[PDB]
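Asks:
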Amino acid sequence: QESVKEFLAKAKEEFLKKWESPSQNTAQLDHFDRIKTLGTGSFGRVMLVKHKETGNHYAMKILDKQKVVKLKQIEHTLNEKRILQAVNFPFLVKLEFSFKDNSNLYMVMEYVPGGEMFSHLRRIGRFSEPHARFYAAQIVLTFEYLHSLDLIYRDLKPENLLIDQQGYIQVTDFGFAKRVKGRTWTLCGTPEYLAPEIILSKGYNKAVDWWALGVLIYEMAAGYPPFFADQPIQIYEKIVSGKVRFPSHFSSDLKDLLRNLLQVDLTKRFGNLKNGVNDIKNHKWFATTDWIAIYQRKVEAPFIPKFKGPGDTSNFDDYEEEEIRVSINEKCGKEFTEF
Ligand SMILES: CN(CCc1ccccc1)C[C@@H]1OC[C@H](N)[C@H]1O
Numbered sequence: 012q013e014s015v016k017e018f019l020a021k022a023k024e025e026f027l028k029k030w031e032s033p034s035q036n037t038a039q040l041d042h043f044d045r046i047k048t049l050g051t052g053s054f055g056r057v058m059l060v061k062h063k064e065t066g067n068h069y070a071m072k073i074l075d076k077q078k079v080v081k082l083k084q085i086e087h088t089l090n091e092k093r094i095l096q097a098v099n100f101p102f103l104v105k106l107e108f109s110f111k112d113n114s115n116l117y118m119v120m121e122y123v124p125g126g127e128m129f130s131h132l133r134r135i136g137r138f139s140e141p142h143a144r145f146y147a148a149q150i151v152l153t154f155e156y157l158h159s160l161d162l163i164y165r166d167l168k169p170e171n172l173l174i175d176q177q178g179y180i181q182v183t184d185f186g187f188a189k190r191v192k193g194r195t196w197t198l199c200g201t202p203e204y205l206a207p208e209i210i211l212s213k214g215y216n217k218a219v220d221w222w223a224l225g226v227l228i229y230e231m232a233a234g235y236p237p238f239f240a241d242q243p244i245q246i247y248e249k250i251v252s253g254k255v256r257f258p259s260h261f262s263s264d265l266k267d268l269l270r271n272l273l274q275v276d277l278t279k280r281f282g283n284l285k286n287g288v289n290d291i292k293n294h295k296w297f298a299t300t301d302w303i304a305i306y307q308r309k310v311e312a313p314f315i316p317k318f319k320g321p322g323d324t325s326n327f328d329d330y331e332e333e334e335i336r337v338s339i340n341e342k343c344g345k346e347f348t349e350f
């Protein structure tokens, strides 16, 4: 299909040009006013900030250099910055600035005020199948783009999918994304979403993203994920077992798609066969989807989040507000030379 082939051909050209020549050091901390902490966790902190000269709002991610305990954490944060400054796609949050100082690394991204898909899912209870299909189509197109660049995403989960002013998805957190020619081996990802070959410490590939899409569609349509338990070891036992139970309200087409995405044998899993992403796009559950219309954002969304303005934080939750301290002396300079 030639218009698709040439689209992805140009996508890859434009990615490689930025990949081979990353930008660095494009602002500093005292160019911004701090407003509110939007989240804190294994990813560091994300704060709402306002640019003093333009008045524009941004989401600033702050990483503390000295909390590194493993060399793979350094590699992961360098992956994230280099990939984000090189990609361009309608459903990916855009990186606007990056920089570092004596104590921290900073990635300054567009601010999306509608909140996390996770909050809206837990408030509504479950999404109808048309609503879940609207969000799933956007992830299918995003993985078609990323995989064609030889990138694997490895952190799909509802907390990472923000809802924008038009009710469409923006994917955030490239902390585990990586450029991969064949296989890769790191143990990473949230337990509920891990594919069997990650749990079994095998060399793995882009098929782990299509497994995670199966978990995400099930969770959107049921209201809970297919494999859960109080201990990760119990979660892992269900994931590798080859057994999943579907609610009776699931359509027959939905069950059939999920059995093919949640296929424990990676050589039989949809997205990883000879026809690649088209086994998914041509499946009966997507028969009503206009793929070009979704890409061009011409489809009316299932709902628009309620918010008052580009600086409204009411769709995020409350965290203890802590200092952003920047030591008199530099820490960990060499290890982060490339940032
Ligand atoms: C990339 N790492 C941070 C590495 C690091 C950097 C500096 C210091 C300590 C550690 C975070 C993970 O990315 C995806 C996942 N949602 C999040 O846990």
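According to the entry's author numbering, the sequence shown is numbered sequentially starting from 12. C-beta: ideal position from N, C-alpha, C; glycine also.
(1) Would you check if the distance between the CB atom of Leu82 and the CB atom of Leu95 is smaller than 8 Å?
(2) Quick one: what does DSSP say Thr88 is sitting in, helix, strand or coil?
(3) Quick check on the burial criterion: 16 or more other C-beta atoms within 10 angstroms. Buried or exposed for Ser32?
(4) Can the beta-carbon of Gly225 be found closer than 8 Å to that of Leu173?
(5) Report the three-state DSSP secondary structure of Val15 (helix, strand or coil).
(6) Classify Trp196: buried if its beta carbon has 16 or more other beta carbons within 10 angstroms, exposed otherwise.
(7) Going by the beta-carbon positions, is the gap between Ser130 and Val119 smaller than 8 Å?
(8) Does at least one heavy atom of ligand 1 sit under 7 Å from the Cβ of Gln96?
(9) Tell me whether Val123 sits in a helix, a strand or coil according to DSSP, three-state version.
(10) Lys168 to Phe239, Cα distance in whole Å?
(11) Assign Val226 to one of three DSSP states: helix, strand, or coil.
(12) Considering only the beta carbon of each residue, do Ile46 and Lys63 sit closer than 8 Å?
(13) Could you tell me how far apart the beta carbons of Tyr117 and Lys72 are, in whole angstroms, since I believe they sit closer than 8 Å?
(14) Rounded to whole angstroms, what is the Cα-Cα separation between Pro313 and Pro101?
(15) Output needed for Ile135: all residues of its chain with C-beta closer than 7 Å, excluding positions within five of it in sequence on either side, in chain order.
(16) Could you check the C-alpha separation between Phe18 and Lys345 for me, to the nearest Å?
(17) Count the C-beta pairs between the segment 248-263 and the segment 174-185 that are closer than 8 Å, then say yes if the count reaches three, no if not.
(18) Compute the distance between the beta-carbons of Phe327 and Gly178, then report whether it is under 8 Å.
Replies: Quick look at the numbers:
(1) Pairing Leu82 with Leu95 gives a Cβ-Cβ distance that is not under 8 Å.
(2) Helix at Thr88.
(3) By the Cβ-count criterion, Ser32 is exposed, with fewer than 16 other Cβ atoms from all chains shown falling within 10 Å of its own Cβ.
(4) Between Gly225 and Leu173, the C-beta gap is not smaller than 8 Å, which leaves the two residues out of contact.
(5) Reduced to three states, the DSSP call for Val15 is helix.
(6) Answer is exposed; the Cβ neighbour count stays below 16.
(7) For the 8 Å CB-CB criterion, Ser130 and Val119 do not form a contact.
(8) No - ligand 1 has no heavy atom lying nearer than 7 Å to the Cβ of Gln96.
(9) Under the three-state reduction of DSSP output, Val123 falls in the coil class, being neither helix nor strand.
(10) If I take the Cα positions, the gap works out to 14 Å.
(11) In the three-state reduction of the DSSP assignment, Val226 falls in the helix class.
(12) No, they are not a contact pair.
(13) Contact between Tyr117 and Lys72 holds, since their C-beta atoms are separated by about 7 Å, short of 8 Å.
(14) So the two alpha carbons sit approximately 18 Å from each other.
(15) Same-chain partners within the cutoff: there are none.
(16) One C-alpha to the other measures close to 39 Å.
(17) Taking 8 Å as the limit for Cβ pairs, the verdict is that the segment 174-185 does not touch the segment 248-263.
(18) It is not a contact, given that the beta carbons lie outside the stated cut-off.
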